[PDB]
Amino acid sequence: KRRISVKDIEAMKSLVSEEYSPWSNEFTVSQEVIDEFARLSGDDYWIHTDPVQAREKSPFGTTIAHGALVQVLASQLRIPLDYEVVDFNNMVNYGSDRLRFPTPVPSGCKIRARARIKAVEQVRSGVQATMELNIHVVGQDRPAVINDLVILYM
């Protein structure tokens, strides 16, 4: 893989690109996953946890996954990148600059994700790289979760 040093600022900035990575592997968001997240988080809203009622009453025709559940299931998905950042002492998940849930993930559907570097800035503590992560229902062109992840290189 191409190697980019966090010390070579102008090289880090070249990674800013509008084209997304290839797709990642696929993960099934089962009702069992949804129910476990509901108990772990405390969010047991019926549109996520009540299949019988959601079939009859939900705008979506079935239960759907929590937005924040799909967000954290990104760690099940390996995004293939053709490059590798090096020459940092440490790498940190600094949070996010944007979280959106444009479309729902129906219970039982698979998700996959792709990404691109949306911005690169030098901060006091190092280099902040913003990676736009899009998580989709497999076969759905509109994202279900958008996450402008902020990575801090130190």
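Sequential numbering from 1, following the sequence displayed.
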Of the two stretches 126-134 and 5-13, which shows the higher Cα B-factor on average in the entry?
-> 5-13
Between 44-52 and 85-93 (mean CA B-factor, as deposited), the higher | 85-93
Would you mind finding, among 59, 67, 108, 102, the residue with the largest C-alpha temperature factor in the entry?
-> 59
CA B-factor placement of residue 35, once the chain's modelled residues are sorted into thirds | lowest
